Every structure is written in C-alpha cells, then in structure tokens.
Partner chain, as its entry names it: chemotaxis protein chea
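Only one chain is included here, represented as structure tokens and corresponding to the form deposited without the partner chain.
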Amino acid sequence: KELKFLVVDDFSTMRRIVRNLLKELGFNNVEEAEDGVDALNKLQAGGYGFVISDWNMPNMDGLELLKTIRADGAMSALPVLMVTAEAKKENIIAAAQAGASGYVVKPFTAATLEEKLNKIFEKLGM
C-alpha cells in the first residue's frame, strides 16, 4: 500500500516512535507535524493519504484539525486516526460526530498500530 502518512504530535519523542513503528510495518513515506497549524501547512502541499493525530496539542488540537480536514472540499475523506493518552479521557462523542476514522491510546506497539490500520483499511475500503 503506497500511502504517505502525516504523524502529528507536540512531543518530538512520540512522533519519532510512531514514525519508526510505521517503518517496521513497511510504511516509509512518513512526515511529521508539531501541532494542528503545522499539520495544515503540510497537508496543503498535497499527497497525503492518512493522518495519525494526537488529540491534545498547543496552537490547534486534534479535534479542531479533524473538523478542518472534514470541511475541506478535496480532503474531506482523508482517514484520521485520533490518538489519546491515559492522562485525559477525551470528548469521544465530538470526535465521533466529526467523523474520526478510529481511536488508539498512546503509547502503543507496532502490533496494536497494525491491527488498528488494518481495521480502518477494511471498513473504509483502502
């Protein structure tokens, strides 16, 4: 599957981990973004096929980034995997209403990530 991923997380250590987990699953075309604003700049360049986004981030959080993607004429169907942390239980109902493609709690292993990605590829038909 030739898919270009965008990994968005305000902690540089976590972006690196997720990127290396994707590399182990065979995905080598992975770009990183620091928050929702940075993510908008990368997405506008085009070519992205999947977004993995942390929920809590400064400047623009994962929910506002999701809602922006979903309102965009060309990118409204872009899959978005929402990432939450044990620290805070998020407003899942709002992400579900905005069309999140799925949810996963970090930290996660490549095995868990693979199972989440396979489930989304199947449910959406990618």
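Residue numbers count along the first chain shown, from 1. By rigid core we mean the largest C-alpha set that fits within 1.5 Å across both forms.
The form deposited with the partner chain bound is left out here; the points below concern that form.
Discussion item. Given that the partner chain is not shown alongside this chain, does residue 95 nevertheless sit within 4.5 Å of it in the deposited complex, heavy atom to heavy atom?
Written reply: Contact with the partner chain, yes.
Practice prompt. After superposing the two forms on their rigid core, pick out the one entry in 31, 90, 61, 34 with a CA shift of 2 Å or more between this form and the one not shown.
Written response: Spelled out, the residue whose C-alpha shifts by 2 Å or more is 90.
Worksheet item: Compared with this form, is the residue 89-residue 56 Cα separation smaller or larger in the deposited complex, the difference being 3 Å or more?
Response: Farther is correct, given that in the deposited complex the C-alpha spacing of residue 89 to residue 56 is increased by at least 3 Å.
Fill in: Direction of Cα pair change residue 20-residue 89 in the deposited complex, magnitude 3 angstroms or more
Farther is correct, given that in the deposited complex the C-alpha spacing of residue 20 to residue 89 is increased by at least 3 Å.
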